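# pasting the sequence and an experimental structure:
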Amino acid sequence: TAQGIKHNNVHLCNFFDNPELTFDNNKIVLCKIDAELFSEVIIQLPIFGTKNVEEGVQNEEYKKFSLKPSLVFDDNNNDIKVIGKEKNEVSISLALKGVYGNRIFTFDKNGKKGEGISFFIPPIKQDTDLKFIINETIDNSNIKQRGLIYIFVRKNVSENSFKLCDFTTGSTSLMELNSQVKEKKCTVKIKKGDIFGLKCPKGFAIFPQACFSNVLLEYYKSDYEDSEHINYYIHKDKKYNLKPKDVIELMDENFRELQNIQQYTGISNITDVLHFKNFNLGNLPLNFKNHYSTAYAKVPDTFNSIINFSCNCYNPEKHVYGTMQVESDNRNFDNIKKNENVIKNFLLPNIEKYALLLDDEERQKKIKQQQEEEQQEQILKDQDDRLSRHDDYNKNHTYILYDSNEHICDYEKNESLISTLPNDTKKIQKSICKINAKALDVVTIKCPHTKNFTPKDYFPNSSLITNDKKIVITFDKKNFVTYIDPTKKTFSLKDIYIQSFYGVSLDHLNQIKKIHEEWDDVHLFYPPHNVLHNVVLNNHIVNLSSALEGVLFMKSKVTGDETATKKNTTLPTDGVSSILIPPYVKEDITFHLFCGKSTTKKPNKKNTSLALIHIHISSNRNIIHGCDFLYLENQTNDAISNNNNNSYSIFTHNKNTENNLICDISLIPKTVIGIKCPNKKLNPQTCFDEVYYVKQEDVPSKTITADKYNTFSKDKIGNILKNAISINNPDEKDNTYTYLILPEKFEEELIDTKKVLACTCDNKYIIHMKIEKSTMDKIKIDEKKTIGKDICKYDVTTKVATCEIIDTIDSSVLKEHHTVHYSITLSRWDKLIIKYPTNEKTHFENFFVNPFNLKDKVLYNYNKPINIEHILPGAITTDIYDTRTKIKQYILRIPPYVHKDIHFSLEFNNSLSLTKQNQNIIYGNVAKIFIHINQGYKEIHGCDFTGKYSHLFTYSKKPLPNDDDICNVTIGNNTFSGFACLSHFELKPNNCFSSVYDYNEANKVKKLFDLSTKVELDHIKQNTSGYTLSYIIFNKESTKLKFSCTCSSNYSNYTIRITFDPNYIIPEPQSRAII
Amino acid sequence: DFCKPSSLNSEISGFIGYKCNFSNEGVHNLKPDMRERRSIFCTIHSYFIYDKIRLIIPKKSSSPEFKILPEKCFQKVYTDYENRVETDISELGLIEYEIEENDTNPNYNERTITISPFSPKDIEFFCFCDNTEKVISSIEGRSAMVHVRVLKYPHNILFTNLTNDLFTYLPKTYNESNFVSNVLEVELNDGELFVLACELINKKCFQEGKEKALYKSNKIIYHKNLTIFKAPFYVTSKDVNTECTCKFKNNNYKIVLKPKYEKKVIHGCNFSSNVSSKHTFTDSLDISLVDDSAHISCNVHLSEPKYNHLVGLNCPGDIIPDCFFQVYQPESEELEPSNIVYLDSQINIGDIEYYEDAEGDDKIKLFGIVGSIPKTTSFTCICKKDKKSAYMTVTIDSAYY
């Protein structure tokens, strides 16, 4: 009857290799844990039954142990199990009030594998009794007990002080999220000494990682009630604000993990600076596919000031995420310098063009020529266009490679948007810069200056050595270098979870608890360093190296002075930096970055201003070419592990017939390759300046070696004849691979057919750049391009208007109209339909669409896509797929009302498709579409409930908390009416106006067709912006009846009263906007 | 049944509309934006019958750089657009007008002006919203202007007085003494504006009648105890009985309005074989009796300083586009949908007196022109039936431009 190995902030009871609690002792052997305060609880039990872990430490003498249950202990892991009265078990996540971090671990040195059982305590208000047994199993009648365990978690919280967002269930539940609904809200309110927790549903993971140890720098205001002041360093009651050494700064050749863990980091230290009791699952949460990503933390007792921040769940399978708002309820700023006094401002960028083939002085002498030509076509459309701007350019021009541009959001220029007002110091400012950048565009952001950390180490190295730091721990497909107490085996996965931020090398670990590390600069910034690397995401931090695959960090340039040298991308050290937007991007998710300023070294919201910057990046849908060597490593992992079903990569990864080291890549124009090799591991580093040539000797080339690529002779073209600009700067050790591209036209003069150049990477894989006569035949047959300007069809009795598309670019037909442009001018209420194929239909197996979606990515400016609702609100969308003919159709009915001249373009392309006829090859073609609308007529006689639609509906009801309305509408024949309600709302009755109440018939639900057979209908259940709309038009109805609808919600209701009556109260003014 | 005239224009929820919005969130904001560079004119060139023209501006506390010129518009307005010469709006000679300044919204300030059709002379006043001084990275803002050319109504005013108040500036052609047996009957010429003064009128004053089928284009509005009745440009019969009831002095006064019948020869085209219909057309070219799908056309032309003409088209079948709310742009070798344009913009007149009728399968589209067009204009309406098409063209070469 005693206690165990309770270790205050850590809890452990090791029965595997602990002399205290091992079978070696012939006396009482048991342990007890009074766990508490969001701290880990480790149980390191012996092997129960022959398990596939190791041998020797699990010899025959040590193998006769067994106790129920012997469940799965490999990489696949279920919730930790706790034994009960019946000698059976129950899940620990329910035995205790919501356990998290239930993972198994083993020791590696000398193969001392043991079934380590770690789990982090959740909020608990009572003393919970969990009891185990430890039993020896030699054989029947020889089963003898030798110990037991007893977990006795204690009270540490109260129901009132604990707030939780159980995202699994509720109106805000994230499970129901789909392609149409992406996010739902939740919040936790915490006053002095409160408790907050997060629990993403199964299938989600918590981001940003290390939360809440480091969180957003949103708000920071002091409170007079505080009893202890703040220091911002490792001193006082906090233990953070130091940087790693032996994980990222000290590397060796054998370290191959550098680019595989650049996922999420770089968050600020405020919560640590604020003494917050932060607990996190590090960068590797539970196996969330069958577990809940959960975390907990507590408000510090001695600290009562104001802070704001948030963290998010995430899942890319359905583009669904959930935001978690965290704030201090003790908001002691409700009257001074709060959100009301926070001035909101906006900024526009300065635009230039990147030096794709130019140098420094060219920035002033030559890039003007590049800049002064692109916008001429946009000017032509703005002014010259009168009917329709077809693609009449068919000689002496190129488009794809010339669209590169550069954008800059300088705040040192616009000091007013980030600095305090010179005299009106009674307010604080907030600013937001918007950049609508596109592919092949360099984005460089300028902000105030703030520098990085500077760790230190000290020790009297003499007559002493530290050789007890050689051990690793393996769990969940990964091996970690960590440390263990020699006797008590007291450590933590929390230490492992934070090991991404710390490391130990040599013998210098003297007095770490007292550190006052500071930056070399004073100004506040978020993130502290490399903002363009750890890009902000509004209220979320992510690393751009892995989040945006293929991104290149471009060197900063404050000034090209006489002392200029090879600078770097480090921000905000010099306040300048640059990145490149890859042509291919996984998703359209936008990114941000924060900038700030202050007066002294210890400032806050009382003496600081906040600025924001926005840069948009386009998505992509077509897979890249090239070999991903890390994908070959993933294949070897698939050999290693079995639960890697999600084997998805963004590269086609062309495969040789028998060989894997070979990468037979064909240099095809109008294609992008993605050969992925870490940093400059590509060998030779001068490649392709120095390459090795092998010849077509073996068609499969199964018998090849990478080391052979060292002895070859080259006398063709030359060595230094063509030079390009720098596109890889290894100064940042987290840079991506080089990019290779080609223009719209290609030349056949310099090709070598029966020989291939090669380069090597990872010492195993071989790159092969080949060219085939098929490409030359394709270009020689496709160069002769014919363009036809056709017109569409229509009807007036039905008010229909549609074009013919699919019958034009068939690749199995002889072409005399290799390209066709379709322009069709429409008006209000016109139902446009677009028929296009996919990359599966016969003769269309390689069809792709540009822009990347007809419904949400149309073009508004020349070669610059934008959503339809951003400039053409109230547009109905319906994308469908045919059952048999593999035909994709879209509906693009124009909104009833338009206030300005409108003309947008959206194209198609089938040049990648071909077919074989009579042993001859017939290739694909290209097509384009243009639409013209102009203003509308008889603006909607209804009411809007979203505000932004104020120019489309007569009434614009801006929603307010617990609002009510009576939208009475009286319309006649040929009169347009409708309403718009928020998507999150529910239409009661459903499907209005399709089925509506009756004003006079006791609000009886009546079908729209039954009410009047001449009523055309069209509905928008949801749209991208998040609104719901309904449309109705009456056409020559010989009756005057009434009906009603109602938009309803928990905190908002809107009633629509409708009566049909011919009338005219318009003098036809039709307010004339010259635009 | 009976209510004061002014109450008939308040029977609407929310707002009545017809606002020149130049706020930051308005129709065309003046903020520096790369998305637009052209000038802004919310011009409404037309007669005004107590019509509401409203200017929406951002709050100065939110946009101090946003200027209002004149600062008290519409209380003070400009008369010289090029020179911006400020004069009090009352000095313009506007008759029985009123202005409002509504600021019951934290997001914007509203200015509303109502103008009566009783100005003795044509009045043109301008208000300017200037944001070009917003120097953001040397990106100047845009300028907006509200053009309100209050044209004196181009017809005589037949005013009848049945109130205890005096209208100083009205002709006062008729009064209570002219009501025989509490009934007054008057004749109105094509387009004449009839005005009745009465404190208590029926809600259907001049809105209903016995033979007023030809009188429906009227934009009947009520204000200052006055009921304004804008006669349509064209009628087909003399007996167009439009009735109203006034309760002045507790007496059931009856007012009857009828046209000064003079059928206007339509300076248009008639593609229908029914050349003896209720309408008369200058040009006629029957679609029938035409074989081999032979196309027909008729080039109608008009040219006069002032226009009191009737232009329209009569043809069997369907008109593509459905004239006259949309008509083809004449500039094309083939007048296909690519040339679709609004007639209100094609001939630069928004006061077109539309008049549509149908006889069996014959679609008749007519519209009246009063005044003059600032520029020479032309339009074409195509009539198609089965396999044959008829081309209608009007060229209105007014003495302008």
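Cool, got the structure. Numbering: from 1, shown residues only, chains lettered A, B, ... in the order given.

# all contacts plus neighbour counts: C-alpha atoms, from now on.
Will do.

# residues from the stretch 101-250 of chain B in reach of chain A?
With Cα under 8 Å from any Cα of the partner chain as the criterion, the stretch 101-250 of chain B comes near chain A at residues residue B:219.

# apply 10 Å and report the result again.
B:136, B:137, B:139, B:216, B:217, B:218, B:219, B:220, B:221 (Cα under 10 Å from any Cα of the partner chain).

# any idea how far the closest residue in space to the fifth one that isn't next to it in sequence is from residue A:873?
Leaving aside its sequence neighbours, residue B:217 sits nearest to residue B:232 (Cα to Cα, 6 or more residues apart in numbering or on different chains; 5.7 Å). Using Cα to Cα, to the nearest Å, residue B:232 is found at 37 Å from residue A:873.

# was I right about the residue nearest to residue B:217 contacting residue B:354?
Yes - Residue B:232 is within contact range of residue B:354, at 8.8 Å (criterion: Cα atoms under 10 Å).

# returning to that earlier point: narrow the residues of the stretch 101-250 of chain B next to chain A to those that are buried.
B:216, B:217, B:218, B:219, B:220, B:221 (16 or more other Cα atoms under 10 Å in any protein chain shown).

# and of these, the nearest to chain A?
Nearest to chain A out of those is residue B:219 (Cα to the nearest Cα; 6.0 Å).

# so what's residue 95 up against?
You didn't say which chain, so I picked chain A. A:81, A:82, A:83, A:84, A:89, A:128, A:129, A:130 (Cα atoms under 10 Å, 6 or more residues apart in numbering or on different chains).

# if you could check chain B rather than the one you did, that'd help
Residue B:95 touches B:115, B:116, B:117, B:118, B:119, B:120, B:168, B:169, B:170, counting by Cα under 10 Å, 6+ apart.

# so which of those sit within strands?
Judged by DSSP state E, the contacts of residue B:95 include residue B:115 as members of strands.

# residue A:378 and residue A:927: what is the separation?
21 Å.

# these two: who's more crowded?
When neighbours are counted by other Cα atoms under 10 Å in any protein chain shown, residue A:927 comes out ahead of the other of residue A:378 and residue A:927, with 23 against 14.

# pretty sure that one sits against residue A:847.
No - look at residue A:927 against residue A:847 with Cα under 10 Å: they stay out of range, at 11.1 Å.

# now the common contact residues for the two.
In contact with both residue A:927 and residue A:847: A:908, A:909, A:910, A:911, using Cα under 10 Å, 6+ apart.

# list the buried residues of stretch B:316-329.
B:316, B:317, B:318, B:319, B:320, B:321, B:323, B:324, B:326, B:327, B:328, B:329.

# quick one: residues contacting the residue of chain A most remote from its centre.
Here chain A reaches farthest from its C-alpha mean at residue A:141, the gap being 59.7 Å by Cα atoms, centre = their mean. By Cα under 10 Å, 6+ apart, the contact set of residue A:141 is empty.

# dihedrals phi and psi, it?
Backbone torsions of residue A:141, given as degrees, to the nearest 10, read phi 80, psi 0.

# which stretches in chain B count as helices?
B:343-346 (DSSP state H).

# ok, the one residue in it that gets nearest to chain A - how many residues close by?
Here chain B gets closest to chain A at one residue, residue B:42, 5.1 Å apart by Cα to the nearest Cα. A count of nearby residues for residue B:42, using other Cα under 10 Å, gives 22.

# chain A next: which of the buried residues of stretch B:316-329 are close?
Answer for the buried residues of stretch B:316-329 near chain A (Cα under 10 Å from any Cα): B:318, B:319, B:320, B:321, B:326.

# quick one: the third one and residue B:336 touch, right?
Yes - taking contacts as Cα under 10 Å, residue B:320 lies within contact range of residue B:336: 8.9 Å.

# residues shared between the contacts of the two?
By Cα under 10 Å, 6+ apart, the residues touching both residue B:320 and residue B:336 are B:328, B:382.

# give me the most central residue, chain B.
Geometric middle of chain B (Cα atoms, centre = their mean) lands on residue B:351, at 3.4 Å.

# distance of the residue of chain B closest to chain A relative to residue A:52?
For residue B:42 relative to residue A:52 (Cα to Cα), the value is 82 Å.

# again, but for residue A:280
Counting by Cα to Cα - residue A:280 and residue A:52 are separated by 30 Å.
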